[PDB]
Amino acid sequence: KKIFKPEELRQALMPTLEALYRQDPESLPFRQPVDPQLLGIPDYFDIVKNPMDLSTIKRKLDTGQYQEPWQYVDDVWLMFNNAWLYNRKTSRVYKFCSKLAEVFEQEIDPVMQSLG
């Protein structure tokens, strides 16, 4: 039944995104979209058909593109699954992604309990 007010969603959810940004160095690969030309990885978009990154999620929060909090959680989880799929378990970026996922899991659980 409930309609989420855009600023209510933004206020509840942005602290969880801000917690990811504070992770340095782990958030740095995730602060802007993956650029396969800069990185020299022409197969990236062969494998990742739905790219996502922190700046895109932040812009969707700013502009009211999320109707309900699970749409935001789905984008954060998509971001992580893209990096875990494309990069090997031993790689730096994969370990960075796991650290962000660890932080996100700790932040998001009490927030979603209070929203639903």
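Residue numbers here begin at 1 and follow the sequence given.
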{"property": "Stretch with the higher entry mean CA B-factor, where the candidates are 107 to 115 and 1 to 9", "result": "1 to 9"}
{"property": "Mean temperature factor over C-alpha atoms, higher-scoring stretch between 96 to 104 and 10 to 18", "result": "10 to 18"}
{"property": "Out of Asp46, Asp74, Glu26, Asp53, residue topping the C-alpha B-factor column of the entry", "result": "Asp46"}
{"property": "Highest-ranked of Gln67, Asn81, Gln32, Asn87 once sorted by CA temperature factor in the record", "result": "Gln67"}
{"property": "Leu38, C-alpha B-factor rank within chain (lowest, middle or highest third)", "result": "highest"}
